[PDB]
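The structure appears right after this line, and notes come after that.
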Amino acid sequence: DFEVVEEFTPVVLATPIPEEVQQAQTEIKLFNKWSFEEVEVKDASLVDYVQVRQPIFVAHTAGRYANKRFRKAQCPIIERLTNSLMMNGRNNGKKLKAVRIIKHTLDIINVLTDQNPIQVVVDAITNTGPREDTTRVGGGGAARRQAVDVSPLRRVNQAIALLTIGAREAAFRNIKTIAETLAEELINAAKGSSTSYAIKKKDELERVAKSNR
Amino acid sequence: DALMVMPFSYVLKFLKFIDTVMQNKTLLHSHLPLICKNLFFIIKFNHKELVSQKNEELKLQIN
Amino acid sequence: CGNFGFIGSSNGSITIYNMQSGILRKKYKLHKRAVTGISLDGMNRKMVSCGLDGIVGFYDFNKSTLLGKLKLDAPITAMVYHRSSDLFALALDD
Amino acid sequence: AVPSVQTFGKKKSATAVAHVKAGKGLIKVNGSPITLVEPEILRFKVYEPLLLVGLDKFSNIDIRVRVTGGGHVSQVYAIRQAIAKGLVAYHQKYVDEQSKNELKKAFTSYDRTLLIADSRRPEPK
Amino acid sequence: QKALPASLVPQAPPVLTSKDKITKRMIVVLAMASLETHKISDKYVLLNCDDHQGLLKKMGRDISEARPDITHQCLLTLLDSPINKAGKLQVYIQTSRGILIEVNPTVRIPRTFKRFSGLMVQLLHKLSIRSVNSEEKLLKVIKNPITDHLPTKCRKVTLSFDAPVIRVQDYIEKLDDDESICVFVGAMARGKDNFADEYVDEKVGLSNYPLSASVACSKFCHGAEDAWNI
Amino acid sequence: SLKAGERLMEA
Amino acid sequence: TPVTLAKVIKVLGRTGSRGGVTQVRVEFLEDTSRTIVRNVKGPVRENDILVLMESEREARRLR
Amino acid sequence: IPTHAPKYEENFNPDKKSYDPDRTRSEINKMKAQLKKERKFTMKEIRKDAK
Amino acid sequence: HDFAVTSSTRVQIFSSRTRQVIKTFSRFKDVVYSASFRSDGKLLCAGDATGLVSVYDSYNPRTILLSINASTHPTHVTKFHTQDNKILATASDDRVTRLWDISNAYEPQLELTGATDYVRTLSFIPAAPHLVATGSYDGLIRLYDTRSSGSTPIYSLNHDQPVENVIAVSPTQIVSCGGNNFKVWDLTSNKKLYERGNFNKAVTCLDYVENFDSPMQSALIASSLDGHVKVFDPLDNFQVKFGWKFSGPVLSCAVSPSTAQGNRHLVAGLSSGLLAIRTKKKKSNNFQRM
RNA sequence: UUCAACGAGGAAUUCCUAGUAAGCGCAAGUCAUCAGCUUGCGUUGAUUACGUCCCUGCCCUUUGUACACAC
């Protein structure tokens, strides 16, 4: 048929480079394990806000996303998960610890549910983000709520927030750690099991909006 | 902004209002540029939905 | 662009060298008999080769794919690419 | 006597000087190889100037990087910046300009902070 | 064909708190309780309708609204109900001054009134009360709003007199296997039953008669016991 | 206190 | 319950909305000509899609 | 459910401290607070009349 | 190349090149009973005497991955599926086995009941992945199609003695040991076809080897509470070919799997409280240019 | 064995928008101030607004003037 030759000598270097590292020059995988192609966002209106189309090697892109309004809609969603994981007074700044426990939770997500953990966390985002909410229409403070819709950036924000703080309180004083509780949370949120803090909170917010619609 | 806030059902009854008001030719001629400005902004802003409505009543109304 | 030179050998293989530094960049292997015509777009985007087995191959150039292949009814002896109108003429054997 | 090229990579207070010259293909950061650059979770931040363009660009040149200052992550960002713009400058000066701006296009499509830092800050609102 | 449990010796039920937002339970919220303290010069008291002529009128308020006796006799009824012994209930109260108190199931509220008054003074000023056996902390002032502490799947209803009357047994077996039930009952002497409009999606009632507070609590508890087979 | 737009809508 | 998707075509300005809530004008995707005025909670801009649990309800102001 | 009895003091007063059952540690805490306030007042007064 | 030995209240992974304990799992509360590796060899399930299946990952004893709380009775056998990866079959002293999806580890995805006394063994059929053969102390190897209800076996094989183990040799034939013999059963025809009773006391366990470097193309070895472990050749009518005698009653045995590629092992753990391993092992550039 | 406090702190309240909040240590001790501490210096580094006058306030204008066109 037709084939292109574009290297003309088997490439060998003087510094020995590991075989999986030099295998990573044909496709960029997260932590050299998890592929970014065939990772779709199975809910439209959240594609163009959960970003999985520039593959990365680690969740530590030091780029600047907090100086325009919707610029954090194209931080990769693994890194948005990581950044939302490193928040409380105890664990502020510790992005390498957050990256390391994201690596551990994607390994154990894959070893429990034998599928792509990036696809699992993307399904967890698109199942967790609430599609309706209530504002408090004031009237000076008349305690009545009015149901509003909710924009997709707010849905991705509140999805990552619900998932991460659900993993924190689920790891609060049990035997499991943050990596294992976050793995359980992301798996249950991906399949949508109503056993997770995150989609129970989504179902409560959507049900209250349905109530005082 | 007042003409952009209102939805298309209120745009259709605004067209009914203009259709009735240009039969009384007294207050048509005393408010011609106001009627022209409001009506042309309304259908220029709502043009995509207006040309997808299918009703001969509104077609005869526009004519 | 002046960057690329294209060699078409009698064993049917186009090699693309860089004119500045003189080294092999790419090597397409479509034909099996002698490649008698190579040309490229004015925008370095699609190249066109013709061999004397009577197939005109159309390749993308930036991506290294082929866009298509068209089998004529005679071995082709010469190509001339008019580059502004993107029309090339072949002197066939018939 | 040798064709050689020197570039600089900077983040906050780390700074990395990379000398690129023609050779056999060895990439050495602070004397040790590139496969020893700790904190070992950002070793792929150091690797991505190699894996973005292929090791066949590095098969004929040897790089050495000297990194001072900074912390762990500022040093890996200085290393990757120095390696990237050193490969670009070597292919500019001693290989062809078409491979030069192909390398610039690949690094700039990944992130242009491999080639241009974000340097002077803040903003007084 | 089905075997026994491996251990027939009866364990005590796991006492539930706000640190367990998973288990199905019954929350009872005593709203608009009258729990305020005051100085005498030398002495601190809890404001009654009877410890004063006009301390409440010097504070501005009226004497009919200083009734801690009725939240006392609701708390006694809820914590002597069998559902509390079975461990399917916890009691939150919220003062009319906006102070939320979490009440453990394991507490022994004192039976006479002024013992409860002296308990409420130290609870309101030390924000915490330990046991005599001092191993856990079993009556404590916690942070508003109550929805931070209620379980994540929890239908929140309120109790009144002017509402579509239901039956507690079929109403509780309507809800599903992990949903709890948070019942805001008003511990006023009188007042509009709108004390929890911002938390509640269903306002129901239990009788066609003017129902007292602890009688409403005991009615809902006995209905819950019949619905959960206790 | 309404504003333009909703005054015109109710009218 | 069948849900529907609706793309923003215009963020309505100078409406007297309550803060943190912005009115918006969305057209549908199954018939991309008819619009409806909704009012959303988070940050919204043009040509982004948002999810309507119902579409039988026009939005008033909030205030 | 087990049923514990609540520990609390009778005739509670927040402004008075708790009644410690030791008269030689409550006494040293009382007189530590006493020397702290009297030392602070004393040296405040002597530095302001020095001023 | 590694094997896990379940003693009381710890599980030790030994290496197949040094035969020392590389890693050990000691954080069980009661006697740990079963410990098996997943078919990918990535994680390790252990059933415990309190009915708490705990699955760690192998080669990391500190990360307990999930603790399935099975029956209140002791859980005596825990093994993953051999075809599927994300289902784990645990039978217990509750006379009911359970299939658990390890994602949803709260309720069992299937509850295989039907046996009257003390189910002590599972097995999976090696080509049809819907087919679970379970064995209990009343005889009566039940076996279940998991697409059906699952509370009734499709058929039952009457080993007359209380079975101790059931393994699957072919996709068709399975071998059950219990009592002084073992029997083999064709599974497409529901029918016994060999029985060897060459022991004195009860055969405690079996396992099976295929395609390994051997004159024997297949080998079933059997461990039998009197000291003996014997190897039977499935191709000439399950005739015994070799045996070892040990210093006490042998409670469990295993061999290195079919693709061992190195130092090959036969291990037998005794009821005396000790473990017996028998292994078989395996100038100038100028001058060169001249 | 059994007689004080305490397991992340109520009501309220204050501050805060990118190398920012927060974590971390290391130095200095600069005529006032500070060592019951103060000021530097680097290391790690986010979440959420970036819209709106609906609430609370503060401010400005009410001839368009300044030259066309337009309103």
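Counting begins at 1 with the first residue displayed.
Structure determined by electron microscopy, 3.7 Å.
For all residues, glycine too, the Cβ spot is worked out from N, Cα and C.
Checking the candidates A:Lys68, A:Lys72, A:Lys191, A:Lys202 against Swiss-Prot, the annotation ubiquitin cross-link falls on A:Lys191.
Looking at A:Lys29, A:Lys33, A:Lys42, A:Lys97, Swiss-Prot tags one of them with ubiquitin cross-link, and that residue is A:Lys33. When A:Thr9, A:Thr15 are looked up in Swiss-Prot, the one carrying the note phosphothreonine is A:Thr15; the rest have no such note there, which does not rule it out for them. A sphere of 10 angstroms centred on the C-beta of A:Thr15 (phosphothreonine) encloses 18 other C-beta atoms. For A:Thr15 (phosphothreonine) paired with A:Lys33 (ubiquitin cross-link), the C-alpha to C-alpha distance reads 23 Å.
Taking a C-beta cut-off of under 8 Å and a sequence gap of six or more, A:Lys33 (ubiquitin cross-link) has these contacts in its own chain: A:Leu106, A:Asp107, A:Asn110. The number of other CB atoms found within 10 A of the CB of A:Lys191 (ubiquitin cross-link), across every protein chain shown, is 17.
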